[PDB]
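Below you will find one chain, with nothing else, as structure tokens; this is the form deposited in one PDB entry, and questions on how it binds or moves follow later.
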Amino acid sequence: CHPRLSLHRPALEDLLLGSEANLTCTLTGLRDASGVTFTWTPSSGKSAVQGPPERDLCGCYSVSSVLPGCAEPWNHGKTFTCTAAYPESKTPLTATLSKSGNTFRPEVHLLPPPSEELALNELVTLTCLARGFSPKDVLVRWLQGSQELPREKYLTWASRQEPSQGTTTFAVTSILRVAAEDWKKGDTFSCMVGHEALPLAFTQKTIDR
């Protein structure tokens, strides 16, 4: 089927919370005998690693390549390029990605548990709001006092573009259900949002009765 090639930016969690944030360039659609190649513009010790010829829809056997360490050039603003060389053609496909522009710092909010909820003394809800920010990419984490909770304990939606004239900005919400006794006792809670635009990568925000 129709061969294609794309560059995947370094996952924001990997950048702000991971060890070695990679950057991928995957050649999707090489429906034929694979033996592909790759070429990166900024190649500096970053010995691109290739993988096994995975399969896609009905046969679009795809192949990837990963560039390690790119975390430095990436935030710097450099622009990574990648050209693949498969047999089903006489021309090397190419892709180019670079950190996004027109960045907009997020505006975080910590909405208190619904008055009607805190009265059924059981499970109250804290809502987090990351509104109007630069690119879609965003991290939302929660703190119980000073301890981060398991990503598994809360629910966070995906970044959605919002109704707006002129500028393209996104939003995100997170729902942390907490044990009423805690909110009542005084236990504090915080919503930490991570974003490409924030200078200090994160923005905290705490609330308590």
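One rule holds for the numbers: they count along the sequence shown, beginning at 1. By rigid core we mean the largest C-alpha set that fits within 1.5 Å across both forms.
What follows is about the form deposited in another entry, which we do not show.
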Checklist outcome for this item: Listed 167, 161, 146, 44; moving between this form and the one not shown by 2 Å or more at the CA after core fit is just 44
Next on the checklist: Aligned on the rigid core, do the two forms place the Cα of residue 197 2 Å or more apart, comparing between this form and the one not shown?
Outcome noted: no
Next on the checklist: What direction does the residue 17-residue 154 Cα distance move in the other form compared with the shown chain, closer or farther, given a change of 3 Å or more?
Outcome noted: farther
Item to check | Cα distance between residue 154 and residue 18, which in the other form differs by 3 Å or more from this form, closer or farther | outcome: farther
